[PDB]
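> Got a sequence here, can you build the structure:
(5 chains, ligands or ions: 6)
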Amino acid sequence: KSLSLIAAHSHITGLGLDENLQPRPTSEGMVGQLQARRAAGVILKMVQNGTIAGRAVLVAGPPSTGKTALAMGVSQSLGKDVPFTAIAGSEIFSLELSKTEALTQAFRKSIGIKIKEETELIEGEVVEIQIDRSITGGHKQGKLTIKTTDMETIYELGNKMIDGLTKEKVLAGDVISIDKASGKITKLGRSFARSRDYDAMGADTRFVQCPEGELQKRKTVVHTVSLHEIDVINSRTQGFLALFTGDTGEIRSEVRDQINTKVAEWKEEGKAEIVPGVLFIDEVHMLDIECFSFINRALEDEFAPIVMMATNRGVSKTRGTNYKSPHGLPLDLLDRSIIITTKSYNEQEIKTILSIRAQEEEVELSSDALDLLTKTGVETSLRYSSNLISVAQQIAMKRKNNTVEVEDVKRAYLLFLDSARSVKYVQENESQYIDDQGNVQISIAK
Amino acid sequence: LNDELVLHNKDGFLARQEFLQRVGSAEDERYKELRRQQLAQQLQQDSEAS
Amino acid sequence: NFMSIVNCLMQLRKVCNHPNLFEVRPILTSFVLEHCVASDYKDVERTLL
Amino acid sequence: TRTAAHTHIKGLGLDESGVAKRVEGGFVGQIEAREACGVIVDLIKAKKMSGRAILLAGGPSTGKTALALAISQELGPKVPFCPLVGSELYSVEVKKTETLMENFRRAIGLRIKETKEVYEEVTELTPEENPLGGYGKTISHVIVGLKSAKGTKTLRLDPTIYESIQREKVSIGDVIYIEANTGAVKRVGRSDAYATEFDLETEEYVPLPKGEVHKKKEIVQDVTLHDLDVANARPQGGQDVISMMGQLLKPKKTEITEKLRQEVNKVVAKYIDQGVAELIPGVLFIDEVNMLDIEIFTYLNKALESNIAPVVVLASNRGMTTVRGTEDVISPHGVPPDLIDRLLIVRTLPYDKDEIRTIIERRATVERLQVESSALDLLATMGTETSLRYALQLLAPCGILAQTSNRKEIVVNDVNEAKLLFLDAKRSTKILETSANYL
Amino acid sequence: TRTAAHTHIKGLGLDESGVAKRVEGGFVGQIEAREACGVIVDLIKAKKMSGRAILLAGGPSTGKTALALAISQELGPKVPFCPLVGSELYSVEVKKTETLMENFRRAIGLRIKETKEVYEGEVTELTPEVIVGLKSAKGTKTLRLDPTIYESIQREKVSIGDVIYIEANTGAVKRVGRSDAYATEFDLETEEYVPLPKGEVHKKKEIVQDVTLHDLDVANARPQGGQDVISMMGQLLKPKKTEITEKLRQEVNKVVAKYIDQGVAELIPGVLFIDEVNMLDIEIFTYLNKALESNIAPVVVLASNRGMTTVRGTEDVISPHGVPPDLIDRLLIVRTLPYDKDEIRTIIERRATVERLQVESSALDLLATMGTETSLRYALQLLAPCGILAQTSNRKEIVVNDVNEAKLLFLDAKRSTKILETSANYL
Ligand SMILES: Nc1ncnc2c1ncn2[C@@H]1O[C@H](COP(=O)(O)OP(=O)(O)O)[C@@H](O)[C@H]1O
Ligand SMILES: Nc1ncnc2c1ncn2[C@@H]1O[C@H](COP(=O)(O)OP(=O)(O)O)[C@@H](O)[C@H]1O
Ligand SMILES: Nc1ncnc2c1ncn2[C@@H]1O[C@H](COP(=O)(O)OP(=O)(O)O)[C@@H](O)[C@H]1O
Ligand SMILES: [Mg+2]
Ligand SMILES: [Mg+2]
Ligand SMILES: [Mg+2]
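Residues are numbered from 1 along each chain as shown, chains lettered A, B, ... in the order given. Ligands and ions are numbered 1, 2, ... in the order given. Take a look:
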């Protein structure tokens, strides 16, 4: 599943580590950042333990150095059943929701709850359905014979079940399951039994299902929901539609505190399980000082998932102020957060990453082509080469050779411009563009 | 009246017809899948209940 | 498609028919997708309530 | 079994006669602040005099939020407590002052008492006719019977209740509880008496209730006037026009008028005069108040002279700053001087090395961890050298590293490696200023 | 035959070997730009990568939007396309980033097929629950149907002996009219009697229609095609456009993935084009970094005729083309060159030909000289008034005197600025 063509992080697969939390030099589609990997694994173990809440971790470093890569790696290594919410800085400035309300909604999104509902479900292949009318003797007549692989028996109606079965046009001889605690018919498919008469359905029922034999089965159902879903459901008459449309509109706080108390009650009763989800925010330097102030308090609550942040700049002006604060963040948050630093890459690491992208993008790279690509990447940037590799393919089989060579790389380099060369050309051709003061020289002559 | 021919034939009668042939091949392969599953079930039942 | 004894037959059909037989314009209607978002979400909300 | 920088503070730890020892309630140091705040708890518990404010000032990582949480713990779970931050006052749905007014009303609660007599299988039902008028048809009376457990009893009623129970879609043989106050009755379910009526069914088995035919129970409810006035303003009902419209209206809260406030105040006043209701003033907490604005501050004064103003407590850490909204007003803690004149100030002081070391010991103990003596002693060293909170957060990664090499306790080299792995603010900004690659 | 600054661009005119000629496809010059554009054309035609970013930058009157239209036309109509201007992002109903995502989800197409089931015939009887009786040219069937469409038929004032058309899948109800078998019942009846349909009442057909993901999302979130009272009564309650939750997008992605995995549909990536991106806010610009680095986002192309400028939303950083370095790093740059005299003359004569105007060679020389003197767009704009001025004297050709008269009549930027500088009251 998970339809996708190609992602900028399609190669990273859940970090790479040993049992001793030691990162291998090359594991699961990434190279380098040993200390950062070890710190990420430490945080992953924290999340697995689930005994700690409301911890702030910040990832810092130069741009294009495994920041979002590390975030995706920890997200993948986290696996299912642990909520993970990745949010950009600019997704909260909405005219429909207050900024603190949106941050609250995200925090409630990143809290996993496991519940177990027990229902007595009966399944098995049927032969026909008996639905009778009201007569003098009693309410109705009904005797369902149900067959399975092992043993076949008969049951009777329940007055309401005639209406339930007549709600839909149930064909005779299908595998339908009934939970008497709910009464919901689950027409999974037709009765397998013998497929000689059931060999040409014309698709349908997805190859039916082989009956399991025994019928009296009570299997627990595990359902995973987050606090946001519960409060949104409680808020309105039909909260699910609001959940699927996003018109919640500033949910009231007393509902939230009641939900907190009631889920605590369920946790003590053993009915519910709490999963410490993760909230991730990118380029948080785009946030406002009000958001930082709200975070400063929302962190200390017991229902506070581990929050990871990544920025690019350093010593910048925090939005909403006029002083160039260090790291582009308020100082108190820097005090309350733990900083993870990422360092610059090496030519060997960049060449390994380029080869990983090549094998990921079905790109066959010649050794000299790899050398030239690594030289270009170390000269300008990782992403420049990481895009030139993909673009040079089209040139490769525009000359009908599947494997790329040096000439295709040279053509791609001479066809698509680099930031340094582009800025040099722009500076040497300042009169040709639009100035910051609206000064344009359209006329070539005079 | 030349450019419009090449702007219309990109998705014309033949392309849509060939796409319908593709989906026909797909559903025929699905029927083949159903047939092999059914016959395999028959072989399994020939030894699990005889 | 080597054979051509009827390769002009479709041309004749094209000329005489004027694509009112090859493909006529239908009564346009939207997609009829039926899975629904709330197909597997009533159980959870019912249990929660 | 999880904590986030708190939940180890168990009250204020103030003994009788208003005295605070060293180690109690997970609390160490800052005795005088605890004494003052305990006095504030006493004043709130007096429930005689309301409308005060108190702001406490200090540096970062001082325990202001801890102080407020200690207050809330000491008061107990009966009096309402509404924590808040300055930012949440801003909204895109109503005015800032209005939202302040909902919070103001939310702070104070009220406990109400009321007794209810309820009647609780069903033996039979039968209506009793000529309307003696232009009406089509009706029943003069309706006689029904309830089985219950503590004996059965028949019941005579009006065809209105017969209609209501018919709308409830309840079988003749079934368990029913009927409200004597207004007549509202809901289907309890299929009683246990008529078990396995057929082979398969879906109705709940609903074991028959054990009790008298009619039962009287005492109900005590604790609500705030904020629930009261929103309940008054919001419409209710079923199929009536405004009921469906409100059901589809997306009920955004909008600008509760003062007429509801006057009406509910009158009603609760006459109820407490009758002696059925008791009003419990609450305390409202605004953390990090520097983020407020001039309009909020002026309306805060106006609401502070109000009639039913709850005691509020404020927190800040700013100094000789300029209050937001203006630029010519430089005031302490970013609070306008007119507001400052209207409340008291509680001072808090930074800890020492010994106090930080004791905090580390307490925090290690609560999380069920073992710390070596030398390791704890060095943890105090960069606790004082860098910050208390950095060393407080460092503990969990150290525990993880100890788990790596299969050792419950924490050693010196483990915390050294942990410090090397994760950087503090000073080291981070040192790297930021040293490099020139946009970092 | 309306012509407006374009429609003379019939494509890049690139060779199958990836070498562009000099004059072809209504294009002259810009060989490097055309070659790179064709390379990007084959890139998108590969339909294997996603979230790629290309920016083409150059001064005004360099055919940047012309190049974008050229690549769009070369791709064809199978691929989805949606031109955009940066200022269109700012809205008042929804946040800007949500509109950006909405336009992201409208830039990828889905080709789907489904079977349409219909029932048409003569109205015979209406038995309440609801059962109906249909009469065809030869067949006749009785149908039991939901009371909703029964009430719709009642609202549709359907009489006895009428002929109706029903779409089974959507419950669409439409009455064709009344059968001509019972037609001349009245001398001047207003109802238009129609002949009986031919064929079975039950009919099955196949469609191959195409939709985009944004269409699926809005259809799921907002149903706006109902027929019974409840449907449009509900849908008229919330006319304002709202936000779309990400979980809805994930659910839609899951269902389309299932559809393509089963084998009744395939995915078609597309192109998103934003023109004059220099004015975009900083928040949207930093949002593009997250939006692009995804799995489904299509390729995007930007245009910006700027230099050392400060991006909107900040006041400190001066960046090339009004784009901060963070977005520059994940960007490919295409350089466009200014034209020259002979290319200007060729452009002018080609534009005249596409405007079916007769022009004399000396007039073309004068036009080229003036265009070099002031601008190409000036001459392109003023050539048509020259044509009408010649037409006034009943001449189908263009004479130098006519062009000089038109240039006297209509001003340019430099002359207007010079007049403004020496003006009494800011004329
Ligand atoms: N360790 C790594 N292994 C493989 N690819 C990497 C690694 N680190 C970075 N990259 C590449 O860098 C890109 C991520 O850049 P990133 O560091 O997230 O930018 P920013 O610093 O702005 O967040 C990805 O496309 C990925 O291909
Ligand atoms: N005397 C104390 N005993 C226990 N914990 C304390 C004490 N003083 C401060 N703390 C810790 O400090 C944290 C509160 O910091 P606080 O002083 O509220 O920060 P600020 O000054 O920014 O409001 C709490 O998590 C608490 O564990
Ligand atoms: N090679 C060409 N062939 C035909 N017309 C061109 C060519 N180059 C530029 N033009 C014309 O120049 C004009 C400038 O195009 P556009 O990119 O929209 O404006 P700008 O170049 O100022 O951004 C277009 O109207 C186009 O018709
Ligand atoms: Mg990144
Ligand atoms: Mg504090
Ligand atoms: Mg242009």
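> so what does the one helix or strand residue D:54 maps to touch, helix or strand wise?
Element membership for residue D:54 (DSSP states H and E) is strand D:53-57. Judged by 3 or more C-beta pairs under 8 Å, 6 or more residues apart in numbering or on different chains; DSSP states H and E, strand D:53-57 is in contact with strand D:311-316, strand D:344-347. Backbone N, C-alpha and C define where each C-beta goes, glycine included.
> now the angle between strand D:53-57 and the first one, please.
With axes from the mean of the first three to the mean of the last three C-alpha atoms, to 10 degrees applied, the angle from strand D:311-316 to strand D:53-57 works out at 20 degrees.
> tell me the SS of residue D:155?
Secondary structure assignment for residue D:155 (DSSP: H, G, I helix; E, B strand; the rest coil): strand.
> Hmm, residue A:155 is touching residue A:146, no?
Yes. Using C-beta atoms under 8 Å, residue A:155 is in contact with residue A:146, at 6.7 Å.
> the more surrounded of these two?
With neighbours defined as other C-beta atoms under 10 Å in any protein chain shown, residue A:155 and residue A:146 compare such that residue A:146 has more, 21 against 18.
> Near the residue in chain B that chain D sits nearest to, how many other residues are there?
Closest to chain D within chain B is residue B:49: 28.4 Å, counting by C-beta to the nearest C-beta. As a burial measure, residue B:49 scores 7 neighbours (other C-beta under 10 Å).
> Looking at chain C, which helix is longest?
Criterion DSSP state H: the longest helix present in chain C is helix C:9-17.
> Now find how far off-centre that helix is within its chain.
Relative to its parent chain, helix C:9-17 has a centroid offset of 24 Å by C-alpha atoms, centre = their mean, to the nearest Å.
> what about the helices in the stretch 1-150 of chain A?
All helices of the stretch 1-150 of chain A, identified by DSSP state H, counting those that start in this stretch, fall at A:34-49, A:67-78, A:99-109.
> Okay, strands next: where are they in chain B?
Using DSSP state E, the strands of chain B do not appear at all; there are none.
> In it, mark out all the helices, start to finish.
Counting by DSSP H, chain B has helices at residues B:3-8, B:13-48.
> and of the helices of the stretch 1-150 of chain A, who's closest to chain B?
Using C-beta to the nearest C-beta, these put helix A:67-78 closest to chain B, at 31.5 Å.
> Does residue A:332 touch residue D:60 like I think?
Yes. Using C-beta under 8 Å, residue A:332 makes contact with residue D:60 at a distance of 5.5 Å.
> Overlap in contacts, these two.
residue D:317 (C-beta atoms under 8 Å, 6 or more residues apart in numbering or on different chains).
> before we move on, back to that, can you redo the helices of the stretch 1-150 of chain A as TSV with distance to chain B and mean neighbour count?
Below are these laid out as TSV (distance: least, C-beta to the nearest C-beta, whole Å; neighbours: other C-beta atoms under 10 Å in any protein chain shown):
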stretch	distance to chain B	mean neighbour count
helix A:34-49	40	20
helix A:67-78	32	21
helix A:99-109	38	21
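> among those helices, which is nearest residue D:368?
helix A:34-49 (11.7 Å; C-beta to C-beta).
> Can that closest one be said to contact ligand 1?
No. Helix A:34-49 lies out of reach of ligand 1 by C-beta under 6 Å from any ligand atom, never closer than 8.6 Å.
> and the angle from that helix to helix A:67-78?
Using the same axes, to 10 degrees: helix A:34-49 against helix A:67-78 is 40 degrees.
> now for helix A:34-49, which elements pack on it?
Using 3+ C-beta pairs under 8 Å, 6+ apart: helix A:34-49 touches helix A:67-78, strand A:306-310, strand A:337-341, helix D:388-404, helix D:412-421.
> Of all those, which one is nearest ligand 6?
The closest of the helices and strands packed on helix A:34-49 to ligand 6 is helix A:67-78. By C-beta to the ion, the value is 33.6 Å.
> Briefly note if that closest one comes near chain D.
No. Counting by C-beta under 8 Å from any C-beta of the partner chain, chain D has no neighbours in helix A:67-78; the shortest distance is 11.4 Å.
> Check stretch A:5-22 too.
Yes. Using C-beta under 8 Å from any C-beta, we find that stretch A:5-22 touches chain D at A:20, A:21.
> Please list the residues of chain C that sit near chain A.
C:37, C:38, C:41, C:43, C:44, C:45, C:46, C:47, C:48, C:49.
> would JSON lines of these with distance to ligand 5, secondary structure and neighbour count be doable?
Output for these, formatted as JSON lines (distance: C-beta to the ion, whole Å; DSSP: H, G, I helix; E, B strand; the rest coil; neighbours: other C-beta atoms under 10 Å in any protein chain shown):
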{"residue": "C:37", "distance to ligand 5": "43", "secondary structure": "helix", "neighbour count": "18"}
{"residue": "C:38", "distance to ligand 5": "43", "secondary structure": "helix", "neighbour count": "14"}
{"residue": "C:41", "distance to ligand 5": "40", "secondary structure": "coil", "neighbour count": "16"}
{"residue": "C:43", "distance to ligand 5": "43", "secondary structure": "helix", "neighbour count": "15"}
{"residue": "C:44", "distance to ligand 5": "38", "secondary structure": "helix", "neighbour count": "19"}
{"residue": "C:45", "distance to ligand 5": "38", "secondary structure": "helix", "neighbour count": "18"}
{"residue": "C:46", "distance to ligand 5": "42", "secondary structure": "helix", "neighbour count": "11"}
{"residue": "C:47", "distance to ligand 5": "39", "secondary structure": "helix", "neighbour count": "15"}
{"residue": "C:48", "distance to ligand 5": "35", "secondary structure": "helix", "neighbour count": "15"}
{"residue": "C:49", "distance to ligand 5": "39", "secondary structure": "coil", "neighbour count": "7"}
